[PDB]
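Just one chain is shown here, as structure tokens, and it is the form deposited in one PDB entry.
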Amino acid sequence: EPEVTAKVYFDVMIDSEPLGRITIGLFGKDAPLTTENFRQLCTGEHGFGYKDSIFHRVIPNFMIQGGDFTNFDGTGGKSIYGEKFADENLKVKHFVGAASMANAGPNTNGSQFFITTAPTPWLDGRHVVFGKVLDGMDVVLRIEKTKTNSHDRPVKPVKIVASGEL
């Protein structure tokens, strides 16, 4: 896989229960614009970001999705560059533990992302893979088993209580 050039983390909690820390390595050389956006949303440098946001969608044996810190339902989010930015590299395929940008078509990247927990070939070529879980995969797997409902949303908020650069 591509070279890791920076590391960010998420501290996750599910209603009083601390799950642990997820460490994500970013592919800075293969996706500078995408990684910088993710990085700065983690630190909250611009006044907004991932701290105190949730993983609004969970689909077992597929992925977990978060990043909508404006509407908390999958319809919001925003990049540091503005509303949306272009797809940087679509040639990197997904793999277990990949961090990838969610979107609503070509060049509509904002702040939403997902972490895959299984092969997802049907996403290859259409979503920019910008990093991977270097540590805390067990935490990702734990989140994946959380009870959901119609719409695949956790019954109890899966909250990112802290985020930043390591």
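Position 1 is the first residue in the sequence shown; the rest follow in order.
Another form, the form solved in complex with a partner chain, is not on view; read the next lines as being about it.
Proximity to the partner chain in the deposited bound form, defined as a heavy atom within 4.5 Å, holds among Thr35, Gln112, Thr117, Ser53 only for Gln112. Among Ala31, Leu41, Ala102, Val140, the residue placing a heavy atom within 4.5 Å of the partner chain in the deposited bound form is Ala102. Within this chain, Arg57 lines the site of the partner chain in the deposited bound form, having a heavy atom no more than 4.5 Å away. When contacts are judged by a 4.5 Å heavy atom cut-off, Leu26 does not count as touching the partner chain in the deposited bound form. Remark: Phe69 does not count among the residues lining the partner chain in the deposited bound form, judged by a heavy atom distance of 4.5 Å or less. Mapping the unseen interface onto this chain, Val133 falls outside it, with no heavy atom inside 4.5 Å of the partner chain in the deposited bound form.
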